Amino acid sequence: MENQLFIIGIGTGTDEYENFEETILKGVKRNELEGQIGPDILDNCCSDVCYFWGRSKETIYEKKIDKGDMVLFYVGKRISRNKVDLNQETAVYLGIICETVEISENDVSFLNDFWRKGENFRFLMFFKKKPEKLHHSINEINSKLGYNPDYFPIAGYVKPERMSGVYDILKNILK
């Protein structure tokens, strides 16, 4: 595996989902970022509107998130540590990272334009195409990956021995 696969769990009914809807599902016009994100990033990675997500750290499970890495956004009702409510609606989105941008702690104010508490989430990942809504539930994707059906991490790293089982499917979705 030359790239990595991460799972990010977006809890519905929380500010996290509101932020996700804003910048991953809807996206933002490029002019909302001009003056704050360098034009190189915007040129290379905003195909029309810009799509991006942000986190408090550069790493997940101690793995650095790199451009070219893939992200499964799990969307559902968080009901316990690492568990989703499978009797409520769930969704999964698949993105591939075009670029990563670390915003300095001193430069986070613009993130509040877009996100509740945005200034906390200064490790940004950009997606050139809107992450693709998959046909499958969280429980079907977890099953294919060998996880328990209701697995719902805040941030998870999919080890290569598991990622390998689904890697060719994921590449074909994203092509």
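Residue indices: 1-based, along the sequence shown.
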query: On average, which has the higher Cα B-factor in the deposited entry, 154-162 or 18-26?
result: 154-162
- prompt: Should the higher mean CA B-factor in the entry be assigned to 61-69 or to 44-52?
  reply: 61-69
query: Which of these has the highest Cα B-factor in the record: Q36, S143, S109, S137?
result: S137
message: Please say which third, lowest, middle or highest, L94 falls into when its CA temperature factor is compared across its chain.
response: lowest
message: By the recorded C-alpha temperature factor, relative to the other modelled residues in its chain, which third is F114 in?
response: highest
- prompt: Lowest, middle or highest third: where is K133 by Cα B-factor in its chain?
  reply: lowest
message: Splitting the chain's C-alpha B-factors into thirds, which one does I79 fall into?
response: middle
